Structures are given as structure tokens and as C-alpha cells.
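S.K.: Input: one structure, supplied below.
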């Protein structure tokens, strides 16, 4: 709502990410009576140009990727004093640079003295943020010596402003669901995120990422905290992150000694997708013919407090799955009686990605003259990316950006399975599944051993 | 299921209510291959006809009022020698003569000696069964000295074997709705039975009954017992009736010193119904032009035990209402935290007469950018008389017929209002209402003074 | 407070079970103005005596077994025609003969019309009442064809009516103990009845009973029903029996298929009890030198309803144990969290035979710089005959100390699988013997230790 | 737990508090094997006598006060130049001169650069810390502009370390007391702190302090926060304060509009105490003979969350009460079924001041032949000031010292009451009570109008 006028600058040379995506996003929101006309988006890169030789570059991508129809200070990074060469006195910095450029790029910026104000300047950083627990802790120390915890924005994932608020109003404004969210009535919970695309062109990035560093830490660890936290005192941005952090300090893997009851991996083979054949992962361009690089990942978690004792959590994600979905399923206990010999347990679902809504399933009597029960259903549908982030940066509200406290608390949970999986091994014992199959056969025994089974989505 | 050969001895099957109703029902039951082809019907009345007259009367009654295409013996009712004049030996009697001829008939039939077989003879009694607590108690003594416990069937109301069983499975086979069925989460309950037609040709009977002996004691007191009972150990006939009695022994009117916070009566006058004008109750034929008989009744009860303490119950019934419905509505409390703005409390209703199914209401976020809530709905439909009464009497089912303990226990709670409303008073202080209006204006203040409102159907 | 005038007809065989046990009680309480002196005791037996010989015999025992300082009838039991021609019209009957006689002695009583009144005749019976499920139903059928429901009194275990009312007030008058009395907070329950005496001199009744028809069915099944029943509407006599019956219909033995996880038996041998060399079981007079009658018995039951689902119950009883106690112990769950600074479960007990009182154990911090925990407790004590009160209530009618006809047949059903298996002949060298002075036969310890628990030391 | 060696820099030691009270405590600690042998104490004052005259004030302050049997300077107070005249590299300051010299002293001490690294020096501030909400927020800004947290310790009151741990272990290590600690079973809570002494010689301080700024913001707020707080994740210095702050953000005075149902005040007069006459408040030296300072206060608060919704809290404190007692009492509800005759509700107490322990009252049957209940009791006793405060500062701990958030949050709650009693009024409207009487007669209607009574300690 009416962001204050400021000046924006860019880093990281002239990569196509900003010009084709970020610049059109600002232009699109400009013609909507949202941003003030006084913006003066100052450009900056690592290549010689002129003030007019790059103005047409914006038009080269705006109409080529969007609906269609500014000062250049290019210098030289290879000098320890280049920053000295560089409205209402406001600034916003961008760090669209290589992963190995942040510690160089923040130290000299702090030494310059531009980031010496609490309100005028802010700095944002690009994903990823470290590669393990040790690498993130060291990077957090450099940030703390140049800035405060009010001007740093980390872009890890985008869940949506309207998706978080839809869940908070459902649990905390109804007197019929909260008493049932505890260990006395719930049996187990399941979380699933599915995809139908393989690595298309990002073969150079996914090779060193895997499926635990890509989606498990960022995405599935944020849907898990929303369905297991305590009621906050307010919806204020810093009143929810405290409750989200508090629940991450009681979370642990189910088994630590034997890392086979709390984790499986996989990698997809050749198969049939959408009526056409598709190649295997190892035969794709840019991929080494003998690599592990997990694509599937299933984990089991436990929480130790007065509310969630004895209730396990199951997390599943992967690529080349039959369909694209995202869901949370809560299953209750069996009825404490048997006068109805005939009773399947009750399930409450929360659909997210395909069609937002709420479902509830229970048991009803089958018409006739003999006591038999069936299963019925109830439904409710609400309907019947970069645009939101930049607005929140301009206003200055930080609820889509993770704090520096919970970044290092999610790296600690997945530490054992990680350190087990980066260890080199024989490139012939990796479980495989066809492109179009829900899961490898090894992941079916993880849940079936407890007497349960996965959900057919 | 299959009945057994026997013989009927319907008393006074010459006047009415037998030739046009009982005989067609038995004929249609036999036509559908339900009753075994070994059955005899014998009339017993104060007439001097022959068999052929009975056959022609039965044929005329069946053809006139049903789809279409046995002996007789005269007898008196005031002489022991008369009964001396009167398959496999089984016998089932039927007493439908008059509301003054039950005790002589029962006493003489018991004295003569036909009703002396525990497993071979049964007796049924027509509605009503007594008029006060003392009048009902006296009739039980005569029955107790001539009859056994499993030989008496009392016909007062009809609910159907499918409506009772559809409600037991929903409650006791689900692990969600039982924890919320107590005083810690429920606010109040409401029960409503409405009708659109009243006193067509039964002005003689309705003058001495009123809407307290006609519907409140029989019908509305059986829907109230199923909503407040404890889970039984089985679905046996004896296992369920033992939990309905235990609830009626802890029920009392809310106010006993002042009979104005726990009871309201009314009567209907001229108005518009179905686009046509209708006459008033006092100007209807066969009715005294200064009558003081109520066609409306609202009460408030309280149950005092470990589960239903502090939760009131509201009961309402009447005639010439705008609609024909029957419902039970359970409303829950309000959420403690007020961090949300607009919060209507949740409700859960079970429709019966209007439609059979379940209704639910909760709160969901209004789309946009401001925190506003909007109430939504969930639905489920199951679909999309005097014929089962005669079937369960042939076999041994103690469910559709009330016991001897509930009859004298339902007459006790309504005693304070029965005595006060029966005393003579001037015929100018009755709260009249129009034909087509939900309730008298005096009934609005009974619930409004507590901070609530009558549900609008 | 005071009963009504009546006429009594005690004695059925003129044995040594009434002269020094029953009539002294009436005489003793006649001196305290408890009941009016408007009764005439009538003696009925198969022997021939005089009106003074009976009085002399009664005096021979009244002063020799009590505090010290009655028309007799003769004939035969099988021919009561002469006896029929004997205060208002009130009678109370008594039976003190062999079990095989109850049907002969109760079938002919109703034939003569002596029992043709609702509230003027009582037909109290001795113990036992049947020997198995099928034998009790047959006796119930004969009773139902002569007398009414509120006319039959069955002599059984004695609780005193003061212990029963002590638990009802404790449970149902406090708003601090009922919320925790369900499956969400309780781990398991234990019930124990101990004794320090052998078979004494009977040796003829215990040889055909064992410790399954002697204490388990009668005594231990009534302490179990009071601990697992739902609140009643009133403290009325017939309003508590309904709740007691409703619990026995959902009770079953765990592991019915394999009868080794739900029952152990035992017998005691020679040992030291009070510094003396107590002899073994198969050495006392009147006992066969090779017998397989149980003396110890442990069982495990499980209730299946909305409140007690998943909570097991443990029952233990025996003879020649080191001390005489009776107790009920309730153990709660562990705290759903671990104390953290960089825990034994709580028990609630209820003593009966050893002492009438309450106990409660919890955890407190140890004094010092560290935060180690202790096990502190809190206490409370109430204080800090049988055939004299069980007999004086038949004159007025109790309906509380005497069991009904439903629970009698319902308690015989749960213990049926273990009663049949233990009756089949078996090698008389595999009985789990134990020393006279120890608790368990060392094979009942694995019954509970297998689940991860332990018996209470007591 | 041995403190690290350091150099003490006591500020303003010329007063009658350091050498009389603080120095003997340090001496006694040094006699034991706790304090390190390398501890240098530096004296600061306003006057200049000699370098050895400071060593003779010790002889008159220790040899005759505690147990029987070092530098100096003459720096100014407000002068930048004067501070230039001023083991290991460790120091600890002790600022206690007056309640109006904290800002300039702190500013001039921080200007010289004596606080420039995380852990080399600590500053402790003597009570009081602010007078109103506005006067306490400004002092926090000055502190944050010179140093950071973890380096400042505020002395407000003294609650023993054993008492807090004794309270925490009892609540959170038992499985029978937590389920009953919520709104479904509790009626109300009472907290009481009583004394038996007057103003003594501190007539100059109590005149401008009152009974609202003493023991109602410091003492009674800490006892209230330990009873209404949620279980912490782990027992830690900064894990209990987070849960204590979260509770103070929900409390509020009941009936804010009318400040007479949420607060009473009083003042004592002449009476009998220990068999000896005692003077009234306005008859003692140094007190104005027409003062309106309260020596009594009773409040009523309410917490608004999912746990304490609808449960009031009653706070009471005063002077010249008959006995010295501190206690917390919790009273539960009444049993629904009323088939038992007399049922007083159960109470659970926690004695603190006279002797620590636990009590519990319940109902047992009175022996006899008729049904009548009794009241019994169960007990447990644990046994059967300026010493630790001078140790946690040297060792380094933040458990006995309040935080910055809690100081400004306790001042907000009592703001409406504080701002109303401060207004001028006629001296003849002050409630009065005798010296030896519990409460003024006006304070007995605050609780009796709800159908309750104060406890009879």
C-alpha cells in the first residue's frame, strides 16, 4: 500500500535472470497505481556499456516474455576500491551473484559505509544460503557484523501470502477443531509434494544439490511448522516466527543409530510420461553417467513436547511423479468400542497446490436391513510469484523471508541423513523407479512396517 | 426374518380404523411374500351380521382406499359369560374400541383365562395410555396382575426403524463427534417439530388433549432422549432402553417456583395459508366458541449430571406453522482468543422430516487483503406408517414400543405445567397468533432474555 | 433403625454352625435396644429333643464363646406337614445343610404354600451357590419358580457396608480425582489380598474348592467392580448394582487362546513363618499325599469400553504370605516431556484390610545446588463381627450386602476358560510350589515382568 | 562455579550501603573457597581524605556488624575531564548514588569508551528503575545507546533461587497437576503478601513511593507470572523469561472504565501491635500530617488466551498486618451431581514465606450411620539476602535479574490505576484501618460481590 519512494540497484553483472524476470516485474506493477512514479531504478553490472546501449535491453525481454509495452554505472569488481565510485535518501540492494561471491560482496560493502543506516538501506540475498550447518553459521556471522536483523532479506522459497493466512483463520477461529489437535486423538500425519518434470536445463545446479538440499529443507520444513505449532497471541509477523522457531527445537529424526528406519532415497529411470517416452536421469545432457544425486526423499520425524508425544510425521517428495499435487492428511484413532463389528479411521485433508479447499471423511450407515457402514465425504472449495516479494521488500514487512534463527535450526535436524548420504559409495546400490511411478519399492517398507500405508493421491 | 402362524382377534373391528387400515396393511404384507400363508382374522364386536357381510365389507374397504384385488363371532363387553363363547395355537389380540373400555376388557380377559401363555399370547393397547401421572400409574397395576412384561405393546407414536438406526451409527461409530458432546464445548440445543395443517376433522378428540398430551410427551420426548443418552454396550432392545430411562431420571424444568421462564402456550387465529384464507380455531366446526385449548407449546429443560450440567434444552412444537420440518441443532461456544475480527459460533444440525442428512457451519477467510471471515457450509444427504407396527408385533422386537418405566417417567417432568394450564381461567388472556406465523410474540422473549434467538427454518 | 416383629425358623440339620455362631449374635444385640423383643426362635432339625434340651444346648455355647449371661420343633425335613402347624405374620427361613440338599429343601417348601407372600418370608441360603456357570443357572431356575426377587438372600463375602460407603464419597464428592480416572492418564491397576494362615482344620471344603472358587470369584470381583464403575444417579441399593453389572458385561481375560499369559497357580510347602517349622500342604491331616488344588492364583483382565480401553488389571491372592494386607494401587503415566537443564511415575493407593486411609506419592526437588528429584508422599488415616451384622440385616432387608441373581451368573462366565483348564487331570509333579513365607511361586513374576512392570513390594 | 578474576570498580562507595552492607558480604564470600583469590576492589567517592582512611571505614563496618574479624579516588560526577583520571582485563561497576543521577553518569561513563567489547565490564543499576511507563522507556534508550544487553543488571527485588526451582520442579515433573491447571477446573486464584512493620526510618522514600510501586510491580508480578505461564522447552536463563513475557502481554485490569471494581487503597492508624501501642501513619517523623500515600493495595486482573479464559486473579498486599505470611491458593469447581449432603470446593496451597511446603484439602465421610461429609487435610514440609546478588554479577548470570521487555510490560498493566490515584483529592476520603487489622472495610466488597471470601491466613 503506497510504498515509499526509494532507489534500487542491482549486482552480479548482467545475468539474464534479472533482465528477463525481475525488471519486467517492476514494470508490470508500475502501471497499476501501486508504486510511485519516482523510482529511478539504477542499473549496475560488470560489463562496459552506456546509458543508452542497455535501455533497449529492457525492451528486448519485456515484450519477449511479458505483456510488453535507468542509469548505468558499470565499473570493475577486480579492484578493492571500486565501491567509492558509486529519492529521499533511500536505497535497496540486490545480490543476484554467484554462490561464492557473498562473503567478498558484503565485507567491502560494509567497509564502504553505505550500509550504516537502520531505515534508509536494505540488502537482499539470493538462494542458496550455505550447504550445511557449518557453512550457514559462518555466513551468518559476517552479516551480523555489517548490518542488523532488520535490513536482511533471504529468498529461499515462495509459499504465498494468501495460503498462509487461509490456514491460520481455519484452525484458530473455530471452536470445533483445536481440541482434536493433540496426541490423545491423532494417529499420524502425512505431507506430500509431487512434481511431473525432470531437470530440464539446470543440470549444472541440480548435480550438487540433490533432493534434500532443494525441497526438503526449504519447502517441506515450512508446511510442517504450520501444522504443529501453538496458537500465537497475534498475527503480527514476529509473533508467528517465535512459535515456528519454538517447535523446531523439539524435532528430531525417528532413529539416529540405524539410518534406515528414518530415510530413503531414489533416482528415476526411463519410462512413459504423458503418452510419450522419456529418458533416464543418467542419460540426460550435462549429467555424469555414474552419479547418485538423490531425486526422491522420504523422512520420518518425531516431536517431544506435551502435545505431540508419540505421534510420528511422514514427509515425501520427488520428481517425475504421475501428477502434481500437495496435501496434508491428518488421521485419527480407531473408535474405543466394538459394538459395530460391521470401521475405517477418520481423515481430514487440506489441499494446497491443485485446488485449495478442505475435505472431511466419516462413516455412515448403509441403507438396508443389516448393520453395515460405508464411507462418505464432505467438500469445500475456495475457488468455487516475484510480484508479491518485491512489494513486501518495498513496504518493509518480513513474513515471507526466513529469520536468521530458524535457518540454522533446519540444518541441524537433517544433519545425520545428509552426512550419511554425501559419503561416497558403490554406484550400483541406488534405488531406482520408472518415470511415472509413485515411489521406489524401498520406500514402501518404511511406513508399511508400522502397520500403515501411503495415501493414493 | 419370518413371522409364525397365529390368529388375530381385533376387538370392535366393526366401527372404524380396522377395515380400511388394518386389513389392507395385512393384505399388502401377505402379497409381498412376507407373512407366512397360515393366518386367520376373527372379528369381535357388538353386531349381529354373518360372515358374508364381513367379507363384503373387507372387499369394499380394500378396493375403496387401497390398490384393490377368516371368521366372525359376536360378543359383548360387560359379561364374563360372553368370553366363554369365544394354525399353531398362537394368538394376538387388539384393543381398539374406546378410551373408557380398557380396564374392564383387560380384567375380564385375564379372569376368563385366554391370556395365560408366556410365549403364545400378546395384547396391544391403542393410544392414549392415561391422562395424568396418577391415571397412567393405575392402568399399569391392572396390566401387571394379568400380563407378563413381554406381552404388552403400547402404540403412541411412530418414528421408524431406519431413523433411529441412522442416528446411532453416526454418533457411536465416529471418533470426532463424541469428545465434543459434553458441557465443556456446547452452548445449548434446540428441537423443533412443525406442521402446516391442524384439526381437520378430529375436533372432538383434540378438545380434551391439547398440544401437551398430543406431541410433547410422546414425540418430542423421544428425540430428546437420543440426543442426551450415554453409549450403550450393544444395540439390543433392552440395552438401549436402559440408557433412555437413566436420562429421564435427572431431567427437570428450569423454573418450578415461577411457571413463566419454563413454559409458553398459544392458539392460532384467521390468516393466510397457501394463497388462501383459513378460519380460526375457535370458529372451526365442532369447537366451543370460547375454548382455552393450546395448539402451541414451548418448554425449557435442564439435565443435572456429570456431562450435561449447565446446558439448557429448548423444545418447540405447534400447528399451522409456515413449513413442515423437524430438526435438532447443536451450537458450540466462542473461541477464547479474540485476535480475529469479522465470529458466529459453529452449529451442527440433523434434519429428519424435511430431508435426511447432516448440516455443518464454520468460518473461512474472505478473499482479498483485509482479515475478514465469512461463514460457509457443508452438506450430506442420505437420499438424492402403520405397516411396520403390525410386522414387529408378530416377531419379538422391543424397540418401536415403549416400556412401562418411561411412560410413568415422562409424565412426571411435565406435571407442573400440566396442572397450571388445566385450571380454569378467563378466555381472553390466551396468546393468539396468526395462521402462517411461526410463534406468538410471547414465545420470543422466553429465549431472547438469555441472549439467544430462535433458529429460523 | 429398628426392625419389625417376626418369627424365626433357623436350623436345618442341627449342626455345629448355628448354636455358637448365629443365636449368640441375636442375644448379644438384644441387650442394646437395637431390635424389639417380639420374636420367637424356632428350631427345626431331623433329631428328637425336648423344649428344655435345646435351651440347655444353647446355654452350653452362649457363655463359652461370648460375653455370657426358643421353642424347639422336631420331625423330618422331607415331611413338613406336621411342622406346618406352628408377633404378626412374619417369617424368616434359614438353610444350613449340604449343597446337594438345596433343591430338595427349596422345591418342597413352595409346594406346601409356606412361601406365598411378597413381604413376609425370607429364604436366605448358605454358601457356596453353585460350582460352575451351568450349575448356578440350574439353581437360579428353581428359585425363580417359587420365590420372588426381593425374598432371596445369598450369604457371600462380607465388606461391612462401612468400607463400601468410604470409597463412594471419596470418588464422587471430589472434583480433583474423577478427571484422572480414565485411559488417558492411567497405566495399570493392581489388587492384592494376602493371608498368613493355612487351611487350618477344614481340610474337607478346600480340597474341592481351591483358591479360584474361594476368594477370586467372591471377594476380588467386588473390589474390582467398585474401581471401574461409572457414577450412579443415587446411592440407592438398586442403583449401584446396575452400574456394577454393566461393567462385568465388558470384561474378558486377555489372551484367551493361550492360557499362560493370563493365569498362574501355586501351592505352598514347608518353611518358616513365625520362627516355627510350618509343615507343607501335602502333610496336614485330611489332605491326600498327592493333590493338585491351587493355593495361589494370579489373573489378568481387560475391560473394553470408552473409558478403560487399553488399561490392564492385575489380580493376586494367596495363602501363607508373610503378612496380612489388602490394597488397591493406581499408577499414572509418565510426563510427556523430559526435564532439561544443561522420574518415577506417581502412585495413588487405597488401603482396606491393613488400614483405612489414603496415600499419594509424587516428586520433589532434592535440596542443594543440583535439581535431582526425590520421592515424597502424603498420608491420611481414618482411625488416627461378620455373623453379627450380616445376620441382623435380613430382619429388615438390605439389598446391598447380598448379591443379585445377574452378577452371580456374570462372574462365573469370565473365569470359565481358566476353570476348565485347571480341572483336567495333569502330572502331579508340575505344580509351581513355593515356600511358606514368600510372596509368589517365582513363575507368576514373569507374568507381569514380561510387560516391563513389577509387583508391589507391600 | 568459581568466578573469574576481575577488578571491582564500585561507584559512589561513600554512602552507607557499600561499606556497611556490600563490603562485609564480599569479605564473607572471600573467607570461603568460592571467590577467586585475585579480586582487586577500587573505591570511588565524592570526597578525598587519604589512601588509608578508606581502610578504617571497613573496621567500623565489619568488626561490629556481620562477623568481626583497596584504592581510592576523588573523581567528580558530571565532568568529561574527570573520568580521564581513571588480574586480567575485567571490571564491574556499581552505580548507586541517587535516583536522579543515572542518565548523566551512564552517558559520561560510556563516552570515555569503557564499554567497547562484548565481555570486559558490567554495569548494575540500583533500584528504582523509572517511575512511570514514559519515565522507564526513556532510560532504556540511553542504556541501548551506550552498551548492549547481557552487560546490564537491574536490581529490583530478591526472589530466592531455591524457591523458583522448587516451584518449577513441582509443576512440570508430575503427571497429576498439569491437566487440572486450566480454565475447565479452576474457579479463581488468590495471592497474598503481608508484613508486620511500618515505614520504620525510611519516611523520606515511602512518601514518594506508595504501596503500588513497592511489592506490586516488583514482587507480586513475579509470583503472578510463575503461576499462569506455559511449560518451557528447557529450564534455562533465557527460556523461562520468554514464557514469562508472553503472559504479561495478555493480562489486563478487569472493568477498566470504572476504576472501583478493580482497585482499593488504604492507610493504617493507631492500634495495638504485640501488646504495645503503635502510632498512626500521619503521626511519625518525616511524614506530612495530611498525606494520602497508600500502604495497601488490592487489584483484580484477567488473562485472555486459550488456557485462562474466564478465570480472575486477586492480588493483595499491605503493611501492619497481624502476621507475616506469603501464599498462593488455587480453588477448584464444584461437583455436578448433588446427591451428597454437607460440599466445600477443594483448595491447593503453596506456602512460601514462613515455611515452604504443600497442602491439599479434600472431603471424607464422617464416621457413623448417616451420610455426612467432613473436611480433611494433607501436608508436606520442605524444611522438616544481599549475598547471592553480589555473586551472580561476578560469576555472570541473568536469572535473578529482570529483562528490558518485562520492565516496560509490567508498567503498562498498572497504568490506569497508577494514573488515577496520583491525582489530587481531599484528605478525608482515604480509607483507614487499624494497626492490627487485615484489610479496610472497603476492600471486603471487591470480592464478596461475586460470592466469594478472602482467605483466613
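Protein chains in written order, with the numbering used here: chain A, 1078 to 1534; chain B, 1078 to 1534; chain C, 6 to 463; chain D, 1078 to 1534.
All C-beta atoms in this analysis are idealised placements derived from N, C-alpha and C, irrespective of residue type, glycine included.
1. With a 10 Å radius around its C-beta and 16 neighbouring C-beta atoms as the bar for buried, classify residue 1150 (chain B) as buried or exposed.
2. In chain order, what residues of the same chain lie with their CB nearer than 8 angstroms to the CB of residue 225 (chain C), ignoring the 5 residues before and after it?
3. How would you write the range of the beta strand (DSSP E) that residue 317 (chain C) sits in, first residue to last?
4. Between residue 1267 (chain A) and chain B, is there a C-beta pair that is closer than 8 angstroms?
5. For my contact list, residue 1210 (chain B) and residue 1485 (chain B) are in at a C-beta cut-off of 8 angstroms; report their separation, rounded to the angstrom.
6. Name the two residues that bound the continuous alpha helix (DSSP H) containing residue 1283 (chain D).
7. Just list the alpha helix (DSSP H) runs in the region 42-95 of chain C, keeping only unbroken ones of 4 residues or longer that don't cross its boundaries, in chain order.
8. In the structure shown, what three-state DSSP assignment does residue 1343 (chain D) receive?
9. Of all Cβ atoms in chain B, is any one closer than 8 angstroms to the Cβ of residue 1413 (chain D)?
10. Taking 8 angstroms as the threshold (beta carbon to beta carbon), is residue 1308 (chain D) in contact with chain A?
11. Mind listing the chain D neighbours of residue 1386 (chain B)? Cutoff is C-beta to C-beta under 8 angstroms, in chain order.
12. Do the CB positions of residue 269 (chain C) and residue 452 (chain C) come within less than 8 angstroms of each other?
13. Tell me the DSSP bridge mates of residue 1441 (chain B)?
14. Nearest to residue 311 (chain C) by alpha carbon, out of B:1384, B:1310 and B:1415?
15. Here's the rule I'm using: 16 or more other beta-carbon atoms within 10 Å means buried, otherwise exposed. How should residue 1287 (chain A) be labelled?
16. So residue 422 (chain C) is in the alpha helix (DSSP H); what residue range does that whole segment cover?
17. Contact between the region 362-379 of chain C and the region 1242-1252 of chain D is defined here as three or more beta-carbon pairs at a separation below 8 angstroms; is this criterion met?
18. Kindly list the residues whose CB is nearer than 6 angstroms to the CB of residue 1273 (chain B), restricted to its own chain and excluding five residues on each side of it in sequence; keep chain order.
19. Here's the rule I'm using: 16 or more other beta-carbon atoms within 10 Å means buried, otherwise exposed. How should residue 1353 (chain B) be labelled?
20. Quick one: Cα of residue 36 (chain C) to Cα of residue 26 (chain C), how far?
21. Give, in chain order, every residue of the region 1393-1424 of chain A whose Cβ lies closer than 9 angstroms to some Cβ of chain B.
22. Please report the straight-line C-alpha distance between residue 1389 (chain D) and residue 1410 (chain D), rounded to a whole angstrom.
23. Let's see if you can read the secondary structure: which residues bound the beta strand (DSSP E) around residue 1377 (chain B)?
24. Under three-state DSSP, which class holds residue 1199 (chain B)?
25. For the candidate residues D:1104, D:1118 and D:1532, whose alpha-carbon lies nearest to that of residue 1140 (chain D)?
26. Which residues, taken in chain order from the region 1173-1194 of chain D, show a beta carbon closer than 9 angstroms to some beta carbon of chain C?
27. Which residues in the same chain have their Cβ closer than 8 angstroms to the Cβ of residue 1319 (chain A), if we skip the five residues on either side of it in sequence?
28. Within the same chain, show all residues whose beta-carbon is closer than 7 angstroms to that of residue 102 (chain C), passing over the 5 residues directly before and after it, in chain order.
29. Check whether the region 1333-1349 of chain A and the region 1506-1522 of chain A touch, using three or more Cβ-Cβ pairs below 8 angstroms as the test.
30. Can you have a look at residue 1198 (chain B) and say buried or exposed, based on whether 16 or more other CB atoms are within 10 angstroms of its CB?
31. With H, G and I counted as helix, E and B as strand and the rest as coil, what does DSSP make of residue 1349 (chain D)?
32. Reducing DSSP to helix, strand and coil, say where residue 393 (chain C) ends up.
33. Can you give me the Cβ contacts of residue 1397 (chain A) inside the same chain, cut-off strictly under 6 angstroms, excluding the 5 residues immediately before and after it?
34. Find the nearest neighbour of residue 1080 (chain A) within the set A:1095, A:1165, A:1096 and A:1130, judged by alpha-carbon distance.
M.R.: Let's see:
1. Here residue 1150 (chain B) is exposed. Its C-beta has fewer than 16 other C-beta atoms within 10 Å.
2. Excluding positions up to five away in sequence, the list reads 196, 198, 320 and 322.
3. Where residue 317 (chain C) is concerned, the enclosing beta strand (DSSP E) stretches over 317-322.
4. Among the residues facing chain B, residue 1267 (chain A) is not included, as its CB has no counterpart in that chain under 8 angstroms away.
5. That belief holds up - the Cβ atoms of residue 1210 (chain B) and residue 1485 (chain B) are roughly 7 angstroms apart, short of 8 angstroms.
6. Residues 1280-1283.
7. For the alpha helix (DSSP H) assignment, the uninterrupted runs of no fewer than 4 residues enclosed by the region 42-95 of chain C are, from N- to C-terminal side, 58-67 and 86-89.
8. Strand at residue 1343 (chain D).
9. Under the Cβ distance rule, residue 1413 (chain D) counts among the residues neighbouring chain B, one pair being separated by less than 8 angstroms.
10. Yes, residue 1308 (chain D) counts as interfacial toward chain A.
11. Those are 1413, listed as they occur along chain D.
12. Closer than 8 angstroms, so yes.
13. Answer is B:1451.
14. The candidate whose alpha carbon is nearest that of residue 311 (chain C) is B:1310.
15. Classification for residue 1287 (chain A): buried.
16. From DSSP, the alpha helix (DSSP H) with residue 422 (chain C) extends over 421-426.
17. As far as the Cβ criterion goes, the region 362-379 of chain C touches the region 1242-1252 of chain D, which means the pair count is three or higher.
18. Cβ-Cβ distances below 6 angstroms link residue 1273 (chain B) to 1401 in the same chain, with the five nearest sequence neighbours on each side left out; the list follows chain order.
19. By the neighbour-count definition (other C-beta atoms within 10 Å, threshold 16), residue 1353 (chain B) is an exposed residue.
20. Linking residue 36 (chain C) to residue 26 (chain C) through their CA atoms gives a straight-line distance of about 17 angstroms.
21. Going along the region 1393-1424 of chain A in chain order, one finds 1409, 1410, 1411, 1412, 1413, 1414, 1416, 1417, 1419, 1420, 1422 and 1423 with a Cβ nearer than 9 angstroms to chain B.
22. When rounded, the distance between both Cα atoms is 13 angstroms.
23. Where residue 1377 (chain B) is concerned, the enclosing beta strand (DSSP E) stretches over 1373-1380.
24. Looking at residue 1199 (chain B) - three-state DSSP - the assignment turns out to be strand.
25. If we check each option's Cα against that of residue 1140 (chain D), D:1104 comes out closest.
26. Legend: CB atoms of the region 1173-1194 of chain D lying less than 9 angstroms from CB atoms of chain C are not found in any residue.
27. Excluding sequence neighbours, residue 1319 (chain A) sits near 1309.
28. Closer than 7 angstroms at the Cβ level, and outside the excluded window around residue 102 (chain C), lie 17, 18 and 110.
29. Result yes; three or more Cβ-Cβ pairs closer than 8 angstroms.
30. The C-beta of residue 1198 (chain B) has 16 or more other C-beta atoms within 10 Å across all chains shown, which makes the residue buried.
31. DSSP places residue 1349 (chain D) in strand when its eight states are reduced to three.
32. It is helical.
33. For residue 1397 (chain A), where only same-chain residues beyond five positions count, the Cβ hits under 6 angstroms are 1275, 1345 and 1512.
34. With distances taken between CA atoms, residue 1080 (chain A) lies nearest to A:1165 out of A:1095, A:1165, A:1096 and A:1130.
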